[PDB]
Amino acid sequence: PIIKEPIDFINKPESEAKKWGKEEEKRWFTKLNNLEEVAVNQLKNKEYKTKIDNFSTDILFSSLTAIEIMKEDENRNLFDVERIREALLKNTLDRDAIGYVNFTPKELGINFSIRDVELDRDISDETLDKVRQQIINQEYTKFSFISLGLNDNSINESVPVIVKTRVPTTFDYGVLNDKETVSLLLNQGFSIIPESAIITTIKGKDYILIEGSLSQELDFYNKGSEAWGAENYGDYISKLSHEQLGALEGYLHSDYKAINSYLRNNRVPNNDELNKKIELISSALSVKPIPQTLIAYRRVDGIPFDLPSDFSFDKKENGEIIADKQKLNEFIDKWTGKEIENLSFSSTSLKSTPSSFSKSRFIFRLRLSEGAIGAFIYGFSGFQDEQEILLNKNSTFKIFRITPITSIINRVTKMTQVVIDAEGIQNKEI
């Protein structure tokens, strides 16, 4: 398309942003049906917006079964989320847009106070260094829809972070104009990669100004992909020797209980036959290393975190069941930045929420690097839709962000769970 200077209102009068914002919203709103307009317009309401952003996160980590239950039930939040997505589809950018994406500290895996606790005004250099260490060159996905605030009135003073980025031409968008804020609305699932962070002061208040690239991770959430495995692992079996195939098939079908436990026991007492199988399974998994960086999922219970298996992030309060904020906060503060050791092979799926694991509260969202020793289990008898990626033994999960959610289990059941963002790391013999 024809080249145009980007949308940029940062160094322009407010009235200019307001005029542009009003026409554009009107223009979008005219493209919308009545139900899409109410769903979209209500996002100017902060309680509604929070709720909808929350729900739009929750449904990515609910089983495909729960989604259907909700469709049947005519779930108004799921419907509103679906109407918002559809509304966004009717509008595509003509040019780049420059502005501020609405990431909070928590969404950049920051749990400590950025600003001084008392005045909520100053950021120390030590704090700056600590945030740089957490965020620089790290990729953080916004699960919900994303706002791009178009001028300095969009800066929320209570938020100690300003994330400035560029949205490329051809992306879907809507524009919302309310009460001195002009913003774009954008799709779920974009990431920011922070590239620099300095301290800026506007109106006596300190912010961490972050310049980031907008990107996107290869992530299938609860849908998984039937194409990714065929594309990348369609000829996998044919690349294995007989002994690699046999050893792997054995692990998948019969040996994994024994092998996992032998490995979890630091190989004591020594078992030469198990040693031989393990050697051959590891050997198989490096025949076709992970070909590109992607997200795979492993739901687990409390055990790897030294917690009861039946540990709940929920509590009885006034009759109903609500989130235990205290438990969430303490779990996040203890585990952000920690490494989870996996002595045995680790099972993983392209699907975030296989329904048999609906009640597993700790949802590892694993960045597997290109080159990672593992394989998508394609064409094996019995694995007919698990969409499994088996990772090599000694795969460490280094946690960079922990995001509480309200997973939907069935018509009558919800559950506070945690999305645990980690990188798969292999300090790796074999």
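From 1 onward, residues are counted along the sequence shown.
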Query raised in the report: Looking only at CA atoms, which has the higher mean B factor in the entry: 344-352 or 229-237?
Result: 229-237
Query raised in the report: Taking the recorded C-alpha temperature factors, which stretch has the higher mean, 124-132 or 207-215?
Result: 124-132
Report task. Name the one of 139, 195, 107, 306 with the greatest CA B-factor according to the PDB entry. Result -> 306
Requested in this report: By the entry's C-alpha temperature factors, tell me which of 360, 165, 312, 293 sits highest.
Outcome: 312
**Report entry** CA B-factor placement of residue 423, once the chain's modelled residues are sorted into thirds
**Finding:** lowest
Requested in this report: Please place residue 161 in the lowest, middle or highest third of its chain by C-alpha B factor as given in the entry.
Outcome: lowest
Requested in this report: Would you check the entry's CA temperature factor for residue 394 and let me know if it's in the chain's lowest, middle or highest third?
Outcome: middle
Report summary line: residue 95: C-alpha B-factor third of its chain, per the entry, is the middle
Report summary line: Quick tally, chain-level thirds of C-alpha B-factors: residue 173 sits in the lowest
